[PDB]
Structures are given as C-alpha cells and as structure tokens.
C-alpha cells in the first residue's frame, strides 16, 4: 500500500542512485553499505558506553557493548539486545541510535551482543552466543550492576529471530528467567511463497531475492529449515507456553509481515500475553534506519517499545 511521504522519498532516492543488488556484493561490501547509511549526524540519547568481551559462547568469547543512561550508576534492570540486518551485516554503529533509545526509554542497562556474522559464522553460532550472553548477564549481575530478576530480551529482524530462539532455548534449558521480550518485525519462517512475500517480493526496500540470499549466508546448504531453532513459527505450543510476555511490531509493507503476525498468533495461542501491532505506511527495518527516524511510524514504534519495556522492568 501507499507509503508515508518521507519514507517514499527514501525509496525513490534509493532507486535513482542505482546501487548494486545486495546479493552481488561481498559481505564486507554489504556491511560497508549499511554502515555508511547509518553514519550520519543524527540526534541520539545520551548514554555511557563500555565495549568488552564475555568469555562465553561456542567460540569461547563474545563481544558485547554495554549501554546505560548517561550518568546513571543505579542497579538497573537489563535488556539483552540482538541486532538485525540479514545475519551478514550490522554492528554497534548501525543500531546505535535505536539501542540508545531503548536503554534511555526503558531506563535499563542494555547489553548489545556483537555476535559473529554470516557467512563466516553460520547457524547456530550466533544464537548460542546470544543465549550464552543472556545467561552470563543473569549470572554476573553484581559485576554488571544489574538486577537479574528484571531481564528482558529484544531484537529487530533476524535479531527478532534470535529473540524468539533465545526464549525457546531458555525454556528448554531451565533458564535464565526472562521478564519480557520485544521483537521488531522478526524473521520467523522461511516460506517465501506466503501472502506478504508474494505481494512485496519486489520491495519496497527488502526483496524476496535478498531474503533468499541472507538465509543462504546464515545456513549451511541443505539444512532442514523447519526446525524451531531456525524457524520458531514451528515451535510447539509446549516450547512456547510459559515464555515471557511479548511485544511484536510489524510493518505493513514488508515481505516478513505475515510471518511476524503469524508468530504473534502462535505465542498467543500458547497462552503468552502478546501485544501485537502493525504500523501502516512503512517498511521493514523502520525503527533502525536513521533516514526514517523522524517518520511517524518510527517515532511511534520506538516510543511504544520503550514504554512497554519500562513498564515490564519497573512496574
């Protein structure tokens, strides 16, 4: 359907500039393209930043960035954050404004997992790093000065996939305890022939061929994609029941729209308390992309997620 006007101007400018398709690029090139898009002078909430490594995960180490509202030294609730951008791309820079907004709005520490990206690392390295850091935070709360009984998880796009799977792993492994989960336009299935994949196959912004490529970078060739730790839409009502309350936010004009909304239904059917909202007039990645930060959908969704997290972690 018809896009919000600032969002439309972005899409048209992108067409006019005529850049190479994402799946013709090397990982390094693809990374640099998104990094360059997100390198502008933009207003950002004030935070204190620490870059470090936790000695956990399948590789023995996971890079993290810890963010706190600037000057706040309280024992805060904590968000463990899993970023999107196709498994191949994304870093502390590309998602900086977004995760600063979440930290300050939630009034929480936020632990950004700088997981090993694809294709150099394939499934399941990142989800195991993600799970390991979440467990680490829960088990090292005095050192991080956080309250482990108020731990939320959150992520955008493939990072929403990671959020869902960490919830699933925490159920299976008996912890850690999760207070709430937030999923921005999550990847939850690999059915490239559903309604929204068919309708929006040629965009805007995200295309079916692009998703085909991202999935092929993430996964080993020939792996069974129906397994719930890959496509959590297939999780059993068992794996889902008992999970933390969820906020799921989708975009109207998005190949991934239908699977995110279907996943929200699956959670709800399993007895999970699910807040699920579709934003009209916007596109995939709309709370991360700096070019859309002043659009009404981006502002609304960030305010909604911030408030949802604040209530979950302080109410």
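Numbering follows the first chain given and starts at 1.
Once the C-alpha B-factors are averaged per stretch, 206-214 and 233-241 rank with 233-241 first. Per the PDB record, of the two stretches 110-118 and 182-190, 110-118 carries the greater mean B-factor over its C-alpha atoms. Of the candidates 156, 101, 227, 139, the deposited coordinates give 139 the top C-alpha B factor. Highest C-alpha temperature factor among 161, 94, 198, 149 per the entry: 149. In the PDB entry, a CA B factor belonging to the middle third of its chain's modelled residues is recorded for residue 14. Remark: residue 20 belongs to the highest third of its chain, ranked by C-alpha B-factor as recorded.
Per-chain ranking of the deposited C-alpha B factor places residue 85 in the lowest third. In the PDB entry, a CA B factor belonging to the highest third of its chain's modelled residues is recorded for residue 47.
The entry lists a Cα temperature factor for residue 315 that places it in the highest third of the chain's modelled residues.
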